[PDB]
Structure formats: C-alpha cells, structure tokens
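Before any questions on how it binds or moves, here is one chain, the form deposited in one PDB entry, in structure tokens.
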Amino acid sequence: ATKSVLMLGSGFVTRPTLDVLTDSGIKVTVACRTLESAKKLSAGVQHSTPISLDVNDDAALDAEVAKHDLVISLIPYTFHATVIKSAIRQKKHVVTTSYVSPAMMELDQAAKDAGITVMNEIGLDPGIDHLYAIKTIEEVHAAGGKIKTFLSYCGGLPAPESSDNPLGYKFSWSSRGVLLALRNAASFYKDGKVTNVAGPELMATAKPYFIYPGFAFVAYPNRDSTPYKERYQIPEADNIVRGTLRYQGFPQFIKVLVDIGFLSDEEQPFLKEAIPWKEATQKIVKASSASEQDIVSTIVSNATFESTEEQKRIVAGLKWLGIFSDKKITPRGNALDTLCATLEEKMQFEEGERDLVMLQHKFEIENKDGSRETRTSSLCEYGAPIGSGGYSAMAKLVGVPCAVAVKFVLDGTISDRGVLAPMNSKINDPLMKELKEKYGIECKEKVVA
C-alpha cells in the first residue's frame, strides 16, 4: 500500500522532510500558495508533486486532503486549527512541528471521534528538546532521584564565523515567526514560585548564559514553562525554565525596536503604500521629521541603552537595516511585517555561511542516597555551508524529526488518536532511536558536578 502525504508549505524546514519521505517511497504533494515555490522545492525529487493551494480555501483544502493519508502543516501556526478541522472532516492524520495551542487542543475529542492522529511539537524546539528532557527525567526518577532544577535552552543562530551583521542573527526558519517569538510573554518557576515576564519586557530579562567557553550566549525565558511541572512530571522541581539563546547584543537591539513601536502588528493606512523608509519610520516612531537627526532624537528619547557605546552601536545597526534611508518600504500594513520584509532582505545566510543549533538541558539532581549532582544534555550542530546543497542545522533538526513522526503515524508506531505531543516514552523512544541510529541526531549526557 503506497502511502501519500500532503505537505503544506515549501519553506525553510521542508526539504529534509520531503527528502526523508520520498526516500522511503512515500508520495508527497508539496503545496503552498506560490506554485513556483512548491516547484523549486520538489524539482528533481522523485515521488513529489508541486501544486498551488491556499489553506484558507476550505473546499480546495478538503478536496486535496482527501487524496492523501496524512497532512503535514509546515506553515504559519495560525493555520493549524483550520488544517485540523479539514483533516477531521476528511478523516486524515496530521503532523506539525508546532506547539499544541488551546485552539488545537479544543479539537482533541473531535479528532479522536474521527479516528485521526494529530501529532505536534516534533521539530527541534518544540520536539527534540522534549525527547531528551523526558529521557533524563524518567531515568532519574526510576533511580529514586529528584529533579530539583530543570533548564532547557535552545538557539538557532548563525555559526559564530557567519554571525557578522548588526544583529548577530540570520534567518534559518520563518522570519515572521522569529519576530512573533520575540513578543511572547514568559512564565517560569524560580525558587519554587511562579515568575512572570510581560511580552513587551522580554528582552530586558536577557542575561549571559554560559555553556562552553567559546560561545557568547545570552538567554531569556521562552513562553510559559510552568505547565511543565505537570507536563514533565517534576513536581519536586523548584526551578523550571525553557529558554532561548541569542548572541551578545541581540536582545538590547530588539528592545529598542519594541520600544519605538516596530514590533506592532496594528494595521496602519500609511504602511500600505511604498513610501521611503524615512517616512515610514518617522510615522512609526512618531518623529517630527523624516530627517535622520530628528528620527534618532525621538528614538533615543523613547528607548533604553546600557551605555552610550550601546546607543551608538544600535543606532548604526538600525541605519544598516536602511530604515533611515530613501529606499522604499515593502508595504505590509503593519510595522512588524513591513520591517520583516526588509529584515528578510538583509539577514539571509550567504554563500559559504552556515547556521548553528545549540540545545542544552541542565538538571540539578538530588540522588536517592541524598547525594547531589548536575547533569547536562547537549546538542551542538553546524549546518552545511550555503551552496553545498546540504541542510542547515535548523532545517535538519526540524524537518527530519517531522518526517520520522510522519512515518510513525503512517505505520502505526504512533497510534494514539487526538491532539498529541512527544510526551510518552511509548513514542519518544522510537523517535529517538530512529533519529540517533539512522541520522546521528541526539543529545549527549554528561555529569558536570
């Protein structure tokens, strides 16, 4: 029985998924709104078919979904609920590398009634991080140990040698997704109590986070970690934090953008016209003139800087992006998306450059015999150089786990119905085994103290 999969999306993390599936003899229809993008991804790939499809078209989506055994939603997570509803009425399975949101979880019973499996959070973060966090936690518990502290930090960044731009950041996955993640309020456990961080004040929490001597990482909380007390079954943990890693200087730069209104997704009439960046910025920052001096004067009066050195650096970075120039904007209605169009222009990985994925779990453990130790679980991988034809570390670590999950749902290895995530050794072990043995993907443990 030849299997067939509908892959929604042809972006950053899709090629590895397409490769793994077609290399298994599974037919894959690659679908997104821009036919050309779908063709480019599937060009030369055996068993693949490119088509144009907008998930907003219910009739069109249902007709295509009905032609396959399962749908992979590798598109903006805002669309997952819609995709699941289509899969439910067509009785087809679903796989995503996104968080299970309340909207998605609401469809759990309906999914079960339709007898379908909606497997989520099986990319890098969320995904691989869950697999190895749970692996260690269950091991410790089985040994009568206690997890007093659970930390999990991850960052998809450019390799240090390829990080030379004002932001120390280049895109390896959804550009707008990156900006959206920069506004997420966070919550976590510290010294046994819940600590909250409001979205608009996320960057200010950034602190240097030491992993290895050679890296200059800074970190900030990632979304709400408190539910993991129950999700990972670690009620004894006083500290529980899932965080994000960036390079020195990044958060301060973002903070300024947030403070002057550049991460606002509020529709502005003036942002639908291709006006010069000078003017767009003037309106966004609310400066009295499109002059660089006036714009900067307003920005400095409304932003925070750790020092005059920082201020000089960030302002020069903003200028580098071209927001003070005559170059016309790519009108996208709101500041966030309009800025995003220019970021996509200037922060792309170039020939010969590579990305880097750093993922590290840290466990403060209290052994059964009252003894204490510190354990780390790490994954540090560089992507293949641009122009080599190889995968970036991000695409590999997201797309491969995704493909493995798809194959498991198709062959019944993952058989629970409803809206799921990698939260049971029943499916986590098989996932880890395949990723390790067949692809060399794994987190390595080590006792640090």
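Heads up, when I say rigid core I mean the largest set of C-alphas that superpose within 1.5 Å between the two forms. So that there is no doubt, residue numbering starts at 1 and follows the sequence shown.
Although not depicted, the form deposited in another entry is the subject of the following passage.
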Which of 129, 259, 121, 353 is displaced between this form and the one not shown by 2 angstroms or more at its C-alpha, rigid core aligned: 259
Following rigid core alignment, is the displacement of the residue 181 C-alpha between this form and the one not shown equal to or greater than 2 angstroms? yes
Would the C-alpha of residue 275 be classed as shifted by 2 Å or more between this form and the one not shown after rigid-core alignment? yes
State yes or no: after fitting on the rigid core, is the Cα displacement of residue 362 between this form and the one not shown at least 2 Å? no
